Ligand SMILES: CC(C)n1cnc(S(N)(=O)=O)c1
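One chain follows as structure tokens, the form deposited without the ligand.
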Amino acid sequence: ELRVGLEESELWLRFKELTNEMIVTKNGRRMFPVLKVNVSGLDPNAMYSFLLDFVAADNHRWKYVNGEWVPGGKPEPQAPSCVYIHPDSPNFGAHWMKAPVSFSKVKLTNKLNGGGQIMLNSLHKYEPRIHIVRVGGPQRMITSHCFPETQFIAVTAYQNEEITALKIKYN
């Protein structure tokens, strides 16, 4: 059975208990913490691509009101995010299983862009999700996994200074 684990879940949970925030810029900003996934149970000899996307966790615009994030009462259906391909893709199962798969180079933006960068809507809440795509073989297959621990709100600047301090402390 294909097993997918989050690496450093301890640390993600410290961000989640404050409500995590990720900066978006026009040029794109790398994530901290980095999503790192432990994968076992692949066919070491089969070929896979690792894809990352961001599900809109709800339809609401969020605002930091007097020290607390609060959703609005004007939600709308959210266009789904673009998919980032892990730059090691495509690769053998053995490649993916020898170390945590680290999405260190994805950049989060707020603007339609040259490509690579993933566009999010500022002040929306997102749940990172991966797709493991068995490629090249006769039988294509997809295993998907969500990481609730890694939920965040996309922001143009940090609102909660406890997040700012945690980001620096652990970077």
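Start at 1 and count along the sequence shown; that's the residue number.
The same protein also exists as the form deposited with the ligand bound; that form is not shown, yet it is the one meant from here on.
(message) Taking any heavy atom pair closer than or equal to 4.5 Å as contact, tell me whether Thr25 reaches the ligand in the deposited bound form.
(response) It does not: once the ligand is placed as it appears in the deposited bound form, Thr25 has no heavy atom within 4.5 Å of it.
(request) May I ask you to state whether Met119 is within 4.5 Å of the ligand in the deposited bound form, using heavy atom distances? (result) Yes - in the deposited bound form, heavy atoms of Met119 and the ligand come within 4.5 Å of each other.
(request) State yes or no: in the deposited bound form, is some non-hydrogen atom of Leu108 no more than 4.5 angstroms from a non-hydrogen atom of the ligand? (result) Outside the cut-off, so no.
(request) Find out whether any non-hydrogen atom of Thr19 is located within 4.5 angstroms of the ligand in the deposited bound form, and reply yes or no. (result) Output for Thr19 is no: heavy atoms all beyond 4.5 Å of the ligand.
(request) Check each residue of 51 to 81 against the ligand in the deposited bound form and list those with a heavy atom within 4.5 Å, in sequence order. (result) Residues within 4.5 Å: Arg61, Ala79, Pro80, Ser81.
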